[PDB]
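Contents: one structure, followed by commentary.
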Amino acid sequence: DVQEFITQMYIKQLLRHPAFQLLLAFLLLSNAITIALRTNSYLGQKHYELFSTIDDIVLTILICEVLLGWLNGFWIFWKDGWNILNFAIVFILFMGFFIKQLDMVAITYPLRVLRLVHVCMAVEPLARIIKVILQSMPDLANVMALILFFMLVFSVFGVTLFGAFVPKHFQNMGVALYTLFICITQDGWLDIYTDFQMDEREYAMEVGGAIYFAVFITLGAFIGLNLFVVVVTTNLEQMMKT
Amino acid sequence: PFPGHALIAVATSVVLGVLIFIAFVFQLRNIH
Amino acid sequence: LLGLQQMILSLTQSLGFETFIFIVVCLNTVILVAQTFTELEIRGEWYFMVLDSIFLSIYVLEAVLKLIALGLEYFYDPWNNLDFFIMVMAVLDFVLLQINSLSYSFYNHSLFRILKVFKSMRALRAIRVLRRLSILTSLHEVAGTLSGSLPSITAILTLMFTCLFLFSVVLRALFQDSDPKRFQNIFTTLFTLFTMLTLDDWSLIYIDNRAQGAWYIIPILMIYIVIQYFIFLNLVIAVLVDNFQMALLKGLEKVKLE
Amino acid sequence: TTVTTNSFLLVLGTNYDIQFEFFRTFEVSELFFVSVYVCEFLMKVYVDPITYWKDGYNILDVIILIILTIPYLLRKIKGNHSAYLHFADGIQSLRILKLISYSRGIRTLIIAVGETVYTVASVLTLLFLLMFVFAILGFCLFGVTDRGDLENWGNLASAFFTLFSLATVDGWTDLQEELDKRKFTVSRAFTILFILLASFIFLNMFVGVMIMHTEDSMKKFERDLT
Amino acid sequence: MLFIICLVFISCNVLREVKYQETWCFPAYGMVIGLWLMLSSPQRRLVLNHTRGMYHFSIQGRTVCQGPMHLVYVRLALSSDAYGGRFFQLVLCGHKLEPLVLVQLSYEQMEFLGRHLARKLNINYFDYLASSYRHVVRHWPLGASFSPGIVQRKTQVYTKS
Amino acid sequence: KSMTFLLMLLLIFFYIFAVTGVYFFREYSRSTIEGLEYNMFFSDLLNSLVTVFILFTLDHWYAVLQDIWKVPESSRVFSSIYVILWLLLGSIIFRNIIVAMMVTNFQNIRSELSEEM
Ligand SMILES: COCC(CCO[C@H]1CC[C@@]2(C)C(=CC[C@H]3[C@@H]4C[C@@H]5O[C@]6(CC[C@@H](C)CO6)[C@@H](C)[C@@H]5[C@@]4(C)CC[C@@H]32)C1)COC
Ligand SMILES: COCC(CCO[C@H]1CC[C@@]2(C)C(=CC[C@H]3[C@@H]4C[C@@H]5O[C@]6(CC[C@@H](C)CO6)[C@@H](C)[C@@H]5[C@@]4(C)CC[C@@H]32)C1)COC
Ligand SMILES: COCC(CCO[C@H]1CC[C@@]2(C)C(=CC[C@H]3[C@@H]4C[C@@H]5O[C@]6(CC[C@@H](C)CO6)[C@@H](C)[C@@H]5[C@@]4(C)CC[C@@H]32)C1)COC
Ligand code: NA
Ligand code: NA
């Protein structure tokens with residue numbers, strides 16, 4: 001038993017070592033630059049040989065790192081979240097060699113950039129922002145649930161009013177949800193209301209629709225959508241305190 | 001031809017991994 | 001008056017009367033969410049009217065029995081007050097339907113639909129059901145702090161409406177016949193100012209006025225935007241943040257209490 | 001007074017009529033002002049060899065003089081009265097910025113505010129990373145396909161702009177509709193989830209971090225004064 | 001490590017019969033198969049000869065080594081994590097046996113059978129009489145020869161200030 | 001009263017961005033393309049200042065930017081940099097500092113009331 005701790009001591013002093021982290025960051029960053037340049041048909045070819053080489057080098061190194069992590073014990077590697085994230089990315093990348101309907105750019109490029117966040121974590125003036133976001137996420141889930149549960153009721157009422165009248169926005173539940181999400185974002189619902197206004201001759205339901213939009217925008221845009229602010233401040237003060 | 005990018009990929013990794021292995025042994029002689 | 005009303009009570013607050021009514025209300029709301037597709041509402045129109053007359057009779061039962069049971073204490077609680085108003089709307093649209101000819105010109109009459117949405121209000125009773133089963137109170141805390149924040153929210157909200165209303169009055173006074181399409185009427189002045197308060201296409205009305213009328217609207221609109229979006233809405237944000245800060249300090253001291 | 005008169009003449013310089021009548025006034029005044037600023041810099045570093053670079057405002061002021069010099073040499077030596085002559089000509093819009101070195105209240109404000117720049121730079125880096133990830137998605141899905149919406153997701157120089165117009169929610173529905181007429185099924189989900197992550201959750205986190213950093217700073221200053 | 005032999009050999013069988021139907025991709029999962037049987041081979045049985053305070057190591061009926069257990073007590077060394085974690089490693093009498101570390105330490109029943117076993121084996125259970133954090137004093141019987149570590153065993157041990 | 005000097009920074013920055021947007025967009029205001037929409041916003045100084053306000057409110061920034069691009073002159077690397085730096089600095093940071101300050105002042109008022117209690 002005496003020996004392998006030193007080998008474990010070696011594994012720690014390598015994997016946690018900062019030169020290694022800096023190299024891996026440099027590789028992933030260069031790969032992201034290659035992805036950005038491949039987003040150009042001309043340069044897609046001229047250096048295709050270089051981009052493909054870098055593409056494979058970074059993947060092999062990622063697999064090596066997952067192997068080192070597993071070398072320390074399957075369970076502790078899986079007693080984390082960042083490790084399972086990196087594993088999911090490298091595994092989805094790996095199956096492209098075998099399967100054929102996954103080795104496509106819409107599934108392989110952006111994952112190599114989601115691989116970059118755990119790299120950026122080592123830059124703790126950055127990491128605290130991510131930690132705040134993650135910690136505050138459940139409160140945002142509760143606020144999201146509030147807003148959706150509010151939106152569904154008004155969607156029902158709006159459909160059962162402006163159905164069979166302006167059916168470009170108010171036929172079924174889904175179209176109404178999308179319309180109310182336009183409104184709660186407060187950009188482009190004036191164009192929507194012009195559809196109420198755009199008629200041959202009408203006065204009774206322009207006022208009703210205006211009342212509807214005004215009440216939704218007051219209670220849900222000025223109060224509900226100004227609650228993410230407050231949740232973030234809540235949690236981030238909690239961290240600053242504890 | 002195919003066996004010339006997967007091969008370069010494995011080439012660099014092992015070529016790197018040897019230098020990593022160098023330090024592990026080299027450190028043992030230093031402590032001793 | 002003491003035995004009859006009392007047995008009406010002990011049957012009313014009974015732990016089966018409530019479940020029976022919540023079953024009714026959840027059925028009514030599943031119908032009411034069925035009716036918002038147009039592929040089912042148009043087919044199953046003849047059964048829905050039957051079911052809704054049935055529900056009207058059931059609500060007659062419940063409302064009359066509860067009133068006889070609990071006097072004006074029934075009018076006292078606002079949960080029921082909602083139900084009583086819903087009841088009144090239901091009976092009114094029932095009698096209006098019977099006093100008209102159920103045809104296309106009444107389907108496309110606005111008042112028929114307006115009376116129909118208040119039926120949608122029955123779905124609100126469903127929250128009472130969700131309360132007993134539980135919402136998990138996952139938003140009990142957010143709701144509680146919103147509850148704490150509201151007294152000042154109402155005050156600042158009415159202050160900014162008042163500012164809206166004064167500016168609307170003066171803008172109607174001044175800028176008629178300079179784009180009458182926007183605010184030829186006092187009500188459309190007021191709506192134009194309210195929709196400016198969300199900052200959507202607000203430059204468009206300046207450009208539209210400048211095209212044919214004149215540009216004096218630019219200092220008015222700039223000052224309007226300053227006051228409302230820049231110093232009022234930020235007050236709502238500030239007071240909400242302070243209220244949740246109090247909630248957090250309460251929680252910290254409470255958890256240290258144990 | 002030198003800086004204030006320079007700003008006033010700069011304001012009067014955006015009218016070709018007044019730029020024409022009294023042009024000699026403008027020329028003599030501009031040369032007078034550059035002479036004053038350069039003499040101030042030269043003699044104020046004469047009094048002090050090394051510690052002159054300690055002050056931040058000294059660095060700001062030598063930067064101002066650099067910006068003053070650049071378009072002169074561009075126009076005279078290289079000449080060409082090129083496309084970006086009047087750009088750098090109008091960039092001395094910001095040599096009023098020497099006037100900040102005097103009001104003490106603004107200096108204290110600079111302390112209290114600008115001591116929270118690492119948080120700002122952090123959030124801006126994270127926002128850029130998120131926009132990059134989604135620009136790659138938006139290109140791969142609605143871009144290179146050649147059957148859908150080039151020239152709006154055609155390239156990153158356009159993917160970032162459309163994606164920023166979705167961040168600051170101004171006008172996202174026009175892009176969404178012109179991307180929805182092309183029978184893209186997933187586009188609604190893509191834009192909706194981006195509006196969530198980048199507009200609701202992210203900038204409304206910028207505001208939270210700003211609130212508490214400024215609050216802690218301000219309370220520390222108040223306690224110290226008390 | 002027969003569980004690994006149990007593990008790999010099963011995987012080979014499910015991989016023994018397959019129809020990849022793919023160009024190249026030679027079905028050479030047999031490189032696993034050797035690794036299966038390799039760890040398979042010899043049961044280990046250790047007996048506590050508390051009558052003379054002895055410990056003799058053997059497996060499948062062939063003695064390997066022996067040593068007295070005059071100073072007997074239970075010790076568990078700390079195996080810290082590179083993350084903010086705490087793991088347990090059990091080293092008894094300063095010797096290198098099969099790790100009896102606390103499984104799923106991060107278990108009350110798991111440590112309960114140990115106290116009975118330490119009572120069954122008639123040695124002290126130091127990590128159990130006070131079981132909150134890293135607190136165990138290794139006995140290290142003078143029969144062992146762990147001098148660079150046996151003396152150093154107390155060095156890692158806290159003397160309670 | 002607390003955020004008195006912050007408004008003076010904003011006034012300085014309106015000065016900055018307005019009198020440099022007069023110069024950045026001159027070939028755009030001096031343009032002859034038969035079809036344009038926002039050919040006025042940078043005509044004179046007053047129009048430039050109101051334009052800076054409109055950009056400050058994040059209304060039609062992208063539409064104005066594309067209009068600027070519709071002139072074959074006015075390189076898309078200076079108009080873009082100007083607009084984006086005004087939107088980031090002026091429109092998102094500064095609009096957020098105000099909210100931060102007002103929350104701070106509410107916190108203060110709470111503190112004096114609590115101490116007097
Ligand atoms: C008197 O003391 C009561 C107290 C227990 C208080 O429990 C509260 C829990 C939150 C809860 C259920 C309560 C009242 C308003 C409820 C809100 C009204 C809105 O309605 C909705 C749904 C219906 C829509 C039409 C409008 O929005 C929800 C989004 C909103 C709501 C249902 C969210 C949940 C709120 C009751 C115990 O004291 C001992
Ligand atoms: C948990 O126990 C709580 C209990 C006290 C319960 O008080 C209730 C009084 C009626 C009240 C205020 C309550 C909840 C829903 C409220 C309704 C939601 C709808 O919202 C509105 C306004 C907003 C519109 C968007 C929708 O319609 C109103 C028409 C409707 C409403 C405001 C009418 C009044 C209702 C709370 C005490 O128990 C000990
Ligand atoms: C446990 O007992 C508590 C009791 C005191 C209860 O006070 C209640 C007063 C009404 C109040 C503030 C409460 C809860 C839900 C609140 C509603 C949730 C909805 O949220 C909103 C705003 C946010 C939008 C996203 C959705 O709609 C409002 C329209 C709706 C709301 C804010 C109207 C006001 C309601 C708390 C004292 O008991 C001793
Ligand atoms: Na807007
Ligand atoms: Na808009």
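Residues are named by chain letter and number: chains run A, B, ... in the order of the structure tokens, numbers start at 1 in each chain, and ligands are numbered from 1 in the order shown.
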
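All residues, whether protein, DNA or RNA, that have an atom at most 9 Å from ligand 1 (counting only C-alpha atoms and all ligand atoms) are residues 145, 146, 147, 148, 149, 150, 151, 152, 153 and 154 of chain A; 121, 123, 124, 125, 126, 127, 128, 130, 131, 134, 135, 137, 139, 140, 141, 142, 143, 144 and 147 of chain C.
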
Selection above as a file: N, CA and C atoms, as a PDB file, in the first residue's frame:
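Final output, saved to selection.pdb:
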ATOM      1  N   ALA A 145     -41.342  28.961 -13.047  1.00  0.00           N
ATOM      2  CA  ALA A 145     -42.597  28.254 -12.826  1.00  0.00           C
ATOM      3  C   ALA A 145     -43.729  29.227 -12.541  1.00  0.00           C
ATOM      4  N   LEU A 146     -43.473  30.225 -11.695  1.00  0.00           N
ATOM      5  CA  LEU A 146     -44.450  31.288 -11.470  1.00  0.00           C
ATOM      6  C   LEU A 146     -44.878  31.944 -12.775  1.00  0.00           C
ATOM      7  N   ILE A 147     -43.912  32.350 -13.596  1.00  0.00           N
ATOM      8  CA  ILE A 147     -44.248  33.100 -14.803  1.00  0.00           C
ATOM      9  C   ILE A 147     -45.032  32.234 -15.780  1.00  0.00           C
ATOM     10  N   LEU A 148     -44.625  30.977 -15.946  1.00  0.00           N
ATOM     11  CA  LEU A 148     -45.350  30.091 -16.850  1.00  0.00           C
ATOM     12  C   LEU A 148     -46.762  29.825 -16.349  1.00  0.00           C
ATOM     13  N   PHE A 149     -46.915  29.602 -15.043  1.00  0.00           N
ATOM     14  CA  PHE A 149     -48.236  29.324 -14.497  1.00  0.00           C
ATOM     15  C   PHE A 149     -49.131  30.546 -14.610  1.00  0.00           C
ATOM     16  N   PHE A 150     -48.531  31.731 -14.610  1.00  0.00           N
ATOM     17  CA  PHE A 150     -49.285  32.948 -14.876  1.00  0.00           C
ATOM     18  C   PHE A 150     -49.664  33.053 -16.346  1.00  0.00           C
ATOM     19  N   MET A 151     -48.722  32.760 -17.243  1.00  0.00           N
ATOM     20  CA  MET A 151     -48.959  32.869 -18.677  1.00  0.00           C
ATOM     21  C   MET A 151     -50.026  31.918 -19.178  1.00  0.00           C
ATOM     22  N   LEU A 152     -50.112  30.711 -18.624  1.00  0.00           N
ATOM     23  CA  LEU A 152     -51.089  29.755 -19.139  1.00  0.00           C
ATOM     24  C   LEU A 152     -52.514  30.258 -18.960  1.00  0.00           C
ATOM     25  N   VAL A 153     -52.821  30.829 -17.800  1.00  0.00           N
ATOM     26  CA  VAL A 153     -54.177  31.306 -17.546  1.00  0.00           C
ATOM     27  C   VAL A 153     -54.541  32.425 -18.515  1.00  0.00           C
ATOM     28  N   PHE A 154     -53.655  33.410 -18.667  1.00  0.00           N
ATOM     29  CA  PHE A 154     -53.955  34.467 -19.620  1.00  0.00           C
ATOM     30  C   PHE A 154     -54.006  33.950 -21.044  1.00  0.00           C
TER      31      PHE A 154
ATOM     32  N   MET C 121     -62.885  32.214 -16.195  1.00  0.00           N
ATOM     33  CA  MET C 121     -62.529  32.518 -14.816  1.00  0.00           C
ATOM     34  C   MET C 121     -62.794  31.352 -13.879  1.00  0.00           C
ATOM     35  N   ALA C 123     -61.689  28.513 -14.179  1.00  0.00           N
ATOM     36  CA  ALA C 123     -60.431  27.803 -14.012  1.00  0.00           C
ATOM     37  C   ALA C 123     -59.641  28.315 -12.820  1.00  0.00           C
ATOM     38  N   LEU C 124     -59.902  29.547 -12.376  1.00  0.00           N
ATOM     39  CA  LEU C 124     -59.209  30.069 -11.205  1.00  0.00           C
ATOM     40  C   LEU C 124     -59.492  29.222  -9.972  1.00  0.00           C
ATOM     41  N   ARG C 125     -60.708  28.686  -9.890  1.00  0.00           N
ATOM     42  CA  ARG C 125     -61.070  27.849  -8.719  1.00  0.00           C
ATOM     43  C   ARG C 125     -60.077  26.685  -8.659  1.00  0.00           C
ATOM     44  N   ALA C 126     -59.567  26.262  -9.820  1.00  0.00           N
ATOM     45  CA  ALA C 126     -58.643  25.135  -9.875  1.00  0.00           C
ATOM     46  C   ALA C 126     -57.436  25.342  -8.972  1.00  0.00           C
ATOM     47  N   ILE C 127     -56.977  26.586  -8.808  1.00  0.00           N
ATOM     48  CA  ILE C 127     -55.858  26.811  -7.897  1.00  0.00           C
ATOM     49  C   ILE C 127     -56.179  26.313  -6.495  1.00  0.00           C
ATOM     50  N   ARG C 128     -57.440  26.464  -6.074  1.00  0.00           N
ATOM     51  CA  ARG C 128     -57.849  25.992  -4.722  1.00  0.00           C
ATOM     52  C   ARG C 128     -57.571  24.487  -4.639  1.00  0.00           C
ATOM     53  N   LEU C 130     -55.359  22.861  -6.457  1.00  0.00           N
ATOM     54  CA  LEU C 130     -53.912  22.703  -6.475  1.00  0.00           C
ATOM     55  C   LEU C 130     -53.319  23.010  -5.111  1.00  0.00           C
ATOM     56  N   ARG C 131     -53.987  23.889  -4.368  1.00  0.00           N
ATOM     57  CA  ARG C 131     -53.521  24.226  -3.000  1.00  0.00           C
ATOM     58  C   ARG C 131     -53.637  23.016  -2.061  1.00  0.00           C
ATOM     59  N   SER C 134     -51.372  20.371  -3.065  1.00  0.00           N
ATOM     60  CA  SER C 134     -50.116  21.131  -2.835  1.00  0.00           C
ATOM     61  C   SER C 134     -49.504  21.552  -4.174  1.00  0.00           C
ATOM     62  N   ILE C 135     -48.896  22.735  -4.165  1.00  0.00           N
ATOM     63  CA  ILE C 135     -48.166  23.348  -5.308  1.00  0.00           C
ATOM     64  C   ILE C 135     -46.711  23.031  -4.993  1.00  0.00           C
ATOM     65  N   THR C 137     -45.539  24.422  -2.515  1.00  0.00           N
ATOM     66  CA  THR C 137     -45.117  25.692  -1.920  1.00  0.00           C
ATOM     67  C   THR C 137     -43.740  26.107  -2.426  1.00  0.00           C
ATOM     68  N   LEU C 139     -43.085  27.994  -4.696  1.00  0.00           N
ATOM     69  CA  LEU C 139     -43.201  29.435  -4.845  1.00  0.00           C
ATOM     70  C   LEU C 139     -43.959  30.070  -3.683  1.00  0.00           C
ATOM     71  N   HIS C 140     -44.003  29.395  -2.530  1.00  0.00           N
ATOM     72  CA  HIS C 140     -44.525  30.015  -1.315  1.00  0.00           C
ATOM     73  C   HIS C 140     -43.655  31.184  -0.878  1.00  0.00           C
ATOM     74  N   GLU C 141     -42.338  31.040  -0.998  1.00  0.00           N
ATOM     75  CA  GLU C 141     -41.423  32.081  -0.547  1.00  0.00           C
ATOM     76  C   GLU C 141     -41.477  33.298  -1.462  1.00  0.00           C
ATOM     77  N   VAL C 142     -41.425  33.072  -2.776  1.00  0.00           N
ATOM     78  CA  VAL C 142     -41.492  34.177  -3.724  1.00  0.00           C
ATOM     79  C   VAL C 142     -42.825  34.895  -3.596  1.00  0.00           C
ATOM     80  N   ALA C 143     -43.910  34.131  -3.464  1.00  0.00           N
ATOM     81  CA  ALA C 143     -45.221  34.735  -3.277  1.00  0.00           C
ATOM     82  C   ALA C 143     -45.284  35.528  -1.980  1.00  0.00           C
ATOM     83  N   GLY C 144     -44.705  34.995  -0.904  1.00  0.00           N
ATOM     84  CA  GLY C 144     -44.707  35.721   0.353  1.00  0.00           C
ATOM     85  C   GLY C 144     -43.968  37.038   0.257  1.00  0.00           C
ATOM     86  N   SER C 147     -45.834  39.486  -1.630  1.00  0.00           N
ATOM     87  CA  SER C 147     -46.942  39.909  -0.733  1.00  0.00           C
ATOM     88  C   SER C 147     -46.425  41.055   0.140  1.00  0.00           C
TER      89      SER C 147
END

Quick one: everything within 10 Å of residue 165 (chain D), counting only C-alpha atoms, minus sequence neighbours fewer than 3 positions away in the same chain. Send it as a VMD selection string. (chain D and resid 159 to 162 168 to 173 175) or (chain F and resid 58 60 to 62)

Could the residues in this selection be saved with N, CA, C and O atoms as a PDB file, in the first residue's frame?
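Generated output (again_35.pdb):
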ATOM      1  N   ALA D 159     -23.764  36.438 -37.697  1.00  0.00           N
ATOM      2  CA  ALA D 159     -24.360  35.660 -36.622  1.00  0.00           C
ATOM      3  C   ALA D 159     -24.277  36.401 -35.298  1.00  0.00           C
ATOM      4  O   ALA D 159     -25.249  36.436 -34.545  1.00  0.00           O
ATOM      5  N   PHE D 160     -23.133  37.017 -34.998  1.00  0.00           N
ATOM      6  CA  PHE D 160     -23.051  37.825 -33.786  1.00  0.00           C
ATOM      7  C   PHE D 160     -24.037  38.976 -33.794  1.00  0.00           C
ATOM      8  O   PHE D 160     -24.634  39.282 -32.766  1.00  0.00           O
ATOM      9  N   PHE D 161     -24.209  39.646 -34.924  1.00  0.00           N
ATOM     10  CA  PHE D 161     -25.117  40.785 -34.928  1.00  0.00           C
ATOM     11  C   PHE D 161     -26.554  40.342 -34.710  1.00  0.00           C
ATOM     12  O   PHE D 161     -27.272  40.927 -33.894  1.00  0.00           O
ATOM     13  N   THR D 162     -26.994  39.302 -35.409  1.00  0.00           N
ATOM     14  CA  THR D 162     -28.350  38.829 -35.170  1.00  0.00           C
ATOM     15  C   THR D 162     -28.509  38.323 -33.741  1.00  0.00           C
ATOM     16  O   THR D 162     -29.543  38.540 -33.098  1.00  0.00           O
ATOM     17  N   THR D 168     -30.056  41.948 -26.549  1.00  0.00           N
ATOM     18  CA  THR D 168     -30.808  43.175 -26.305  1.00  0.00           C
ATOM     19  C   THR D 168     -32.054  43.094 -27.164  1.00  0.00           C
ATOM     20  O   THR D 168     -32.014  43.419 -28.350  1.00  0.00           O
ATOM     21  N   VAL D 169     -33.183  42.723 -26.568  1.00  0.00           N
ATOM     22  CA  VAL D 169     -34.256  42.052 -27.294  1.00  0.00           C
ATOM     23  C   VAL D 169     -34.841  42.879 -28.428  1.00  0.00           C
ATOM     24  O   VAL D 169     -35.818  42.464 -29.057  1.00  0.00           O
ATOM     25  N   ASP D 170     -34.290  44.060 -28.678  1.00  0.00           N
ATOM     26  CA  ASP D 170     -34.746  44.879 -29.792  1.00  0.00           C
ATOM     27  C   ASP D 170     -34.854  44.141 -31.119  1.00  0.00           C
ATOM     28  O   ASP D 170     -33.839  43.820 -31.740  1.00  0.00           O
ATOM     29  N   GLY D 171     -36.080  43.931 -31.592  1.00  0.00           N
ATOM     30  CA  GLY D 171     -36.298  43.494 -32.957  1.00  0.00           C
ATOM     31  C   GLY D 171     -36.094  42.028 -33.229  1.00  0.00           C
ATOM     32  O   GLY D 171     -35.934  41.646 -34.387  1.00  0.00           O
ATOM     33  N   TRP D 172     -36.110  41.184 -32.206  1.00  0.00           N
ATOM     34  CA  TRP D 172     -35.853  39.775 -32.438  1.00  0.00           C
ATOM     35  C   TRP D 172     -36.951  39.098 -33.232  1.00  0.00           C
ATOM     36  O   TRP D 172     -36.681  38.091 -33.894  1.00  0.00           O
ATOM     37  N   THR D 173     -38.169  39.622 -33.201  1.00  0.00           N
ATOM     38  CA  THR D 173     -39.274  38.968 -33.878  1.00  0.00           C
ATOM     39  C   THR D 173     -39.228  39.129 -35.388  1.00  0.00           C
ATOM     40  O   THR D 173     -39.736  38.267 -36.102  1.00  0.00           O
ATOM     41  N   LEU D 175     -36.347  39.080 -37.250  1.00  0.00           N
ATOM     42  CA  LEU D 175     -35.436  38.011 -37.633  1.00  0.00           C
ATOM     43  C   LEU D 175     -36.090  36.651 -37.449  1.00  0.00           C
ATOM     44  O   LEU D 175     -35.948  35.766 -38.295  1.00  0.00           O
TER      45      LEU D 175
ATOM     46  N   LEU F  58     -32.120  51.711 -26.814  1.00  0.00           N
ATOM     47  CA  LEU F  58     -32.119  50.420 -27.501  1.00  0.00           C
ATOM     48  C   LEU F  58     -33.346  50.250 -28.384  1.00  0.00           C
ATOM     49  O   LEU F  58     -34.004  49.212 -28.375  1.00  0.00           O
ATOM     50  N   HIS F  60     -34.394  50.296 -32.285  1.00  0.00           N
ATOM     51  CA  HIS F  60     -34.054  50.324 -33.700  1.00  0.00           C
ATOM     52  C   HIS F  60     -32.568  50.539 -33.918  1.00  0.00           C
ATOM     53  O   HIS F  60     -32.158  51.178 -34.884  1.00  0.00           O
ATOM     54  N   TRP F  61     -31.743  50.018 -33.021  1.00  0.00           N
ATOM     55  CA  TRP F  61     -30.317  50.177 -33.245  1.00  0.00           C
ATOM     56  C   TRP F  61     -29.876  49.381 -34.460  1.00  0.00           C
ATOM     57  O   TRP F  61     -29.107  49.878 -35.292  1.00  0.00           O
ATOM     58  N   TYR F  62     -30.399  48.167 -34.615  1.00  0.00           N
ATOM     59  CA  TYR F  62     -29.951  47.325 -35.714  1.00  0.00           C
ATOM     60  C   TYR F  62     -30.445  47.863 -37.046  1.00  0.00           C
ATOM     61  O   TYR F  62     -29.715  47.834 -38.038  1.00  0.00           O
TER      62      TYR F  62
END

Set the cut-off to 12 Å, count only C-alpha atoms and all ligand atoms, and list whatever residues fall near ligand 4 as a compact mmCIF listing (two decimals) with C-alpha atoms, in the first residue's frame.
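Listing of pocket34.txt after writing:
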# COMPACT_ATOMS: atom_id res chain seq x y z
CA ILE A 182 -43.58 38.29 -27.51
CA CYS A 183 -45.37 40.65 -25.13
CA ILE A 184 -43.50 39.69 -21.95
CA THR A 185 -40.32 40.43 -23.89
CA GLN A 186 -41.80 43.89 -24.60
CA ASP A 187 -40.56 44.10 -28.18
CA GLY A 188 -42.85 43.68 -31.15
CA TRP A 189 -46.27 43.46 -29.54
CA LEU A 190 -47.23 46.84 -30.97
CA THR C 195 -47.14 51.70 -25.01
CA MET C 196 -44.31 54.23 -25.08
CA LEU C 197 -43.67 53.29 -21.48
CA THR C 198 -42.47 49.87 -22.72
CA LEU C 199 -40.14 51.54 -25.33
CA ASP C 200 -41.36 49.64 -28.41
CA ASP C 201 -41.02 51.62 -31.66
CA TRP C 202 -41.07 54.83 -29.63
CA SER C 203 -38.83 56.55 -32.17
CA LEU C 204 -41.35 55.72 -34.87
CA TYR C 229 -38.52 54.28 -17.71
CA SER D 165 -30.14 41.81 -31.51
CA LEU D 166 -31.65 38.83 -29.73
CA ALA D 167 -29.67 39.55 -26.55
CA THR D 168 -30.81 43.17 -26.30
CA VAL D 169 -34.26 42.05 -27.29
CA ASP D 170 -34.75 44.88 -29.79
CA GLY D 171 -36.30 43.49 -32.96
CA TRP D 172 -35.85 39.78 -32.44
CA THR D 173 -39.27 38.97 -33.88
CA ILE F 54 -32.59 56.81 -29.20
CA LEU F 55 -29.62 54.44 -29.23
CA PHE F 56 -29.44 54.82 -25.46
CA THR F 57 -32.96 53.42 -25.27
CA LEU F 58 -32.12 50.42 -27.50
CA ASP F 59 -34.78 51.19 -30.08
CA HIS F 60 -34.05 50.32 -33.70
CA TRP F 61 -30.32 50.18 -33.25
CA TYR F 62 -29.95 47.32 -35.71

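Among the residues of chain B, backbone DSSP assigns helix (DSSP H, G or I) to residues 6, 7, 8, 9, 10, 11, 12, 13, 14, 15, 16, 17, 18, 19, 20, 21, 22, 23, 24, 25, 26, 27, 28, 29, 30 and 31 of chain B.
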
Using only C-alpha atoms and all ligand atoms, tabulate the residues of chain A lying at most 8 Å from any atom of ligand 3, each with its closest atom pair and that distance in Å to one decimal, by chain and increasing residue number, as a tab-separated table.
residue	atom	partner	partner_atom_place_in_ligand_line	distance
A:143	CA	ligand 3	25 (C)	7.8
A:146	CA	ligand 3	25 (C)	6.0
A:147	CA	ligand 3	25 (C)	5.0
A:150	CA	ligand 3	26 (C)	5.7
A:219	CA	ligand 3	24 (C)	5.6
A:220	CA	ligand 3	25 (C)	5.0
A:221	CA	ligand 3	25 (C)	8.0
A:223	CA	ligand 3	23 (C)	5.6
A:224	CA	ligand 3	25 (C)	3.7
A:225	CA	ligand 3	25 (C)	7.2

Show me which bits of chain F are within 7 Å of chain D, counting only C-alpha atoms, as a ChimeraX atom specification. /F:5,16,19-20,22-24,45,58-60,62,96-97,100,103-104

Tell me as number ranges by chain which residues belonging to chain C come within 12 Å of chain F, counting only C-alpha atoms. C: 196-208, 210-211, 215, 217-219, 221-223, 225-226, 229-246

List all protein, DNA and RNA residues that have an atom no more than 6 Å from any atom of ligand 2, counting only C-alpha atoms and all ligand atoms, and report them as a PyMOL selection string. chain C and resi 78-79+82

So which residues touch residue 118 (chain E) within 12 Å, counting only C-alpha atoms, skipping near sequence neighbours fewer than 3 positions away, as an MDAnalysis selection string? chainID E and resid 48 50 72:75 92 111:115 121:129

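In chain A, the set of residues within 9 Å of chain B (atoms considered: only C-alpha atoms) is residues 7, 10, 14, 49, 52, 53, 54, 56, 57, 58, 59, 60, 61 and 64 of chain A.
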
At a cut-off of 12 Å, using only C-alpha atoms, what residues contact residue 31 (chain F)? Leave out same-chain residues fewer than 4 positions from it and give the result as number ranges by chain. F: 25-27, 35-40, 42-43, 67-68, 70-74
